[PDB]
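Before any questions on how it binds or moves, here is one chain, the form deposited in one PDB entry, in structure tokens.
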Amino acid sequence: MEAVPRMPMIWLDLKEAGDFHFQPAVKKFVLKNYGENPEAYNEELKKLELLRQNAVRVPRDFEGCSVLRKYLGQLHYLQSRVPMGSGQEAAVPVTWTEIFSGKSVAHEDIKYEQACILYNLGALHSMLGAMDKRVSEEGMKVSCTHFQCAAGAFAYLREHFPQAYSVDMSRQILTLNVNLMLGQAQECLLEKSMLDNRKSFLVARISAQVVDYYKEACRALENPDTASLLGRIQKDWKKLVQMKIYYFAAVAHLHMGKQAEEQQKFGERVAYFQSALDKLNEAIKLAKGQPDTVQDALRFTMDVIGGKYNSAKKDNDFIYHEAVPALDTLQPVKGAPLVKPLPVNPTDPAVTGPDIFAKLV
């Protein structure tokens, strides 16, 4: 399974920004509250303006993630000194396009700007994770980290912005994104554990956790409220995720059979390979109409499993003569979560750089 073709990965689109005309409000605030000349802070106002321009049309590359983090941090610094939140003195309209309906959604709340930047940070990470071919050890670790970062941005959004500014950032939808990104992160790590030929029981647990994440993501995709919101996107994701559920369940039992082989449980060995083959055949059924990237991985795995089943059944029938136990007689494989949503500290000075607005207050 070292050379198994890599499955395609899902990525989210970035939200697109409207207007955020903070400049008049900051100068209104400094004039009225500080009794100072607002033009003394024009330079701090250029930096944030230039920083926003870069962030709202961020380039889709690794460096773009730092641009979004730095702008996210500077928004926190600005909010600490100028009250631009909901119902506050210096608040101005913040407009962003809700990604699923295309509606313009406006809030006089700087936290709305923060939320959408954080959403795009998670989206951008998902893109960078999905772009890599994951041929080399480096690509698998970089993609895995990208997906954990994407899960971390969506998780932070879910926890610290509980009031959903738009339906694309509701708790249910962000939970879908997190579970999907963790499933894809765990998947990359599974590919790593195989290329390193880790202990077979280890791979089986890692693969079983891939199933668990995708099952939770699939439960949200089957929720009618999510289906009507995502529309055709829900159909595209569900097809791939449901197929992956059975594919990686087959991979798990494939390696459970490898473990049985190592412990000389030769009857148990054929049972797991038989189960792995049945689960894969269901994945193949669910994969009909999907691109060749998917088919090549399934075909490749069918050769592996099919060959191992014939070997195990021939060994048991002519040498070991051990009873083939039913599946329920065997303790199930418990998934091992080795990935997590990586926490975000928006005001970490090491990522935000100097506070643009240190001269205020």
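Just count from 1 along the sequence shown to find any residue number. If you superpose the two forms and keep the largest set of C-alpha atoms that fall within 1.5 Å, you have the rigid core.
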- prompt: Where do the C-alpha atoms have the higher mean temperature factor in this entry, in 181-189 or in 101-109?
  reply: 101-109
- prompt: Hey, which bit's got the bigger mean C-alpha B factor in the entry, 196-204 or 143-151?
  reply: 196-204
query: Based on what the PDB entry reports, which of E137, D278, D212, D168 has the top C-alpha B-factor?
result: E137
query: From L240, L128, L118, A91, pick the one with the largest CA B-factor in the entry?
result: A91
task: Comparing against every modelled residue in the chain, figure out the third that the C-alpha B-factor of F161 lands in (lowest, middle or highest).
output: highest
query: Based on the entry's values, in what third of the chain does the Cα temperature factor of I10 lie: lowest, middle or highest?
result: lowest
statement: So, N42's CA B-factor, relative to its chain, sits in which third? The highest
- prompt: Lowest, middle or highest third: where is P346 by C-alpha B factor in its chain?
  reply: middle
task: Check where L338 lands among this chain's C-alpha B-factors and tell me if it's the lowest, middle or highest third.
output: middle
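Another form, the form deposited in another entry, is not on view; read the next lines as being about it.
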query: Among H321, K28, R57, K334, which is the residue that shifts its C-alpha 2 Å or more between this form and the one not shown, core superposed?
result: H321
